[PDB]
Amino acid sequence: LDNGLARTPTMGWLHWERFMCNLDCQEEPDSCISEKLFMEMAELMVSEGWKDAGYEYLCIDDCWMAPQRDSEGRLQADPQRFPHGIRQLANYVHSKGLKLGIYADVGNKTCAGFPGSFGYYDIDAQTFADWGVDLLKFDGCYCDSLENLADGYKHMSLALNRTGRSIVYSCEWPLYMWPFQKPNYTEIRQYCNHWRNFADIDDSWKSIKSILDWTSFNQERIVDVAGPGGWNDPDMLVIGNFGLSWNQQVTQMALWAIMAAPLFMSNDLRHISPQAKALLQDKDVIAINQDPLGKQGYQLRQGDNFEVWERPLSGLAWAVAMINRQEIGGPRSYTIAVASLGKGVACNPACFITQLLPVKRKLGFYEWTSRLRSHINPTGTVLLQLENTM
């Protein structure tokens, strides 16, 4: 989408995975979907270094709406859980130097059963712009036809454009199209800043593996379409929650950098381990994700329960990730000719290699003839950056 936005993958926080559709503010006041939750997250995004690391979009997912529209047919936030309204919340978020994302659905209802935007695309776009919204996530539930799905996603893209406000447009169009028809990613990129391809992530290693496997399976279709203004979205970062071991968290962070993925944390910034925070705020890895060239990486090799992915970066540099998919035993040795990396140019005639994950360590100079050996933890990833000696 040529709206000047998402020139690098969008970074921020999104409530869905960790907080879901909790409406019980009476019994769960600190975890229900409320304006207080988002205010606390914005406060911590400033005070705990998230904004400085690049996480900029504080995003509301489903279940913010009142059950019905206003008299003029406009969406309204729930009067009890969002008593001051979205425009005020956006004002607060902006006062923190942050941007505010909101959620709507292309069909007749949101996935959780709240008002859909079908028949109100222009009204809803102008409402979001008036509120000061900076990002829209657009879900695909309750849509009776593929033609209505495509038409709705394109119409909402155009309506957002016509408001004149810069609004990042995040689409679930491919995900809801895939079971029925192969998506045309040239068109999707024309209308969306990033797009969800695969099933919702949850707090499990199984979900990480599924997302990676589906991405590599479909890489010939989706890798080349991604770039500044339009990204593949493999769904939220779940680092800092409950289901991932440390090495599985490392794998998610490294591979979301390789994939030029949007980095939307879905966690509780009020209760997050120092290790999870240091990983999520890892300047070198974020710099890979945010590389201005914006070329998505890909799986180079798979075999012997290992995977090798790589990503071309600005200025003759490359990122390389090695995943150990064997879920038994100890760290396993993997060796690869450096001439096989970066299409044969990364280390011709030599490259300096720096390991970034799981720990940062300079490995030294590797000649074009060299072989790189590493030991990779089960379900973990070794992430390296290769700099051509010029």
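Residue numbers here begin at 1 and follow the sequence given. Throughout, rigid core stands for the largest set of C-alpha atoms superposing within 1.5 Å between the two forms.
Do the Cα atoms of 174-182 or those of 264-272 sit farther, on average, from the shown form in 7 other deposited structures of this protein after fitting on the core?
The stretch that sits farther from the shown form in 7 other deposited structures of this protein is 174-182.
Should the higher mean CA B-factor in the entry be assigned to 262-270 or to 150-158?
Higher mean C-alpha B-factor: 150-158.
Which has the higher mean CA temperature factor in the PDB entry, 365-373 or 21-29?
Higher mean C-alpha B-factor: 21-29.
Whose C-alpha has the highest temperature factor in the PDB entry: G294, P234, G230, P83?
Reading the PDB entry, the winner on C-alpha B-factor is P83.
Based on the PDB record, which member of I211, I123, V320, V285 exhibits the highest Cα temperature factor?
If I rank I211, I123, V320, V285 by C-alpha B-factor, first place goes to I123.
Taking only the Cα B-factors deposited for this chain, tell me whether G344 sits in the lowest, middle or highest third.
Middle third by C-alpha B-factor.
Split the chain's modelled residues into thirds by Cα B-factor; is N305 in the lowest, middle or highest one?
Within its chain, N305 is a middle-third residue by C-alpha B-factor, going by the deposited values.
Lowest, middle or highest third: which one holds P79 when the chain's residues are ordered by CA B-factor from the entry?
Answer is middle: the recorded C-alpha B-factor places it there.
Grab the CA temperature factor for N3 from the record and place it in the lowest, middle or highest third of its chain.
Its C-alpha B-factor, which the entry lists for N3, ranks in the lowest third among residues of this chain.
Test of reading the entry: by CA B factor among the chain's modelled residues, which third contains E56?
Middle third of the chain for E56's C-alpha B-factor.
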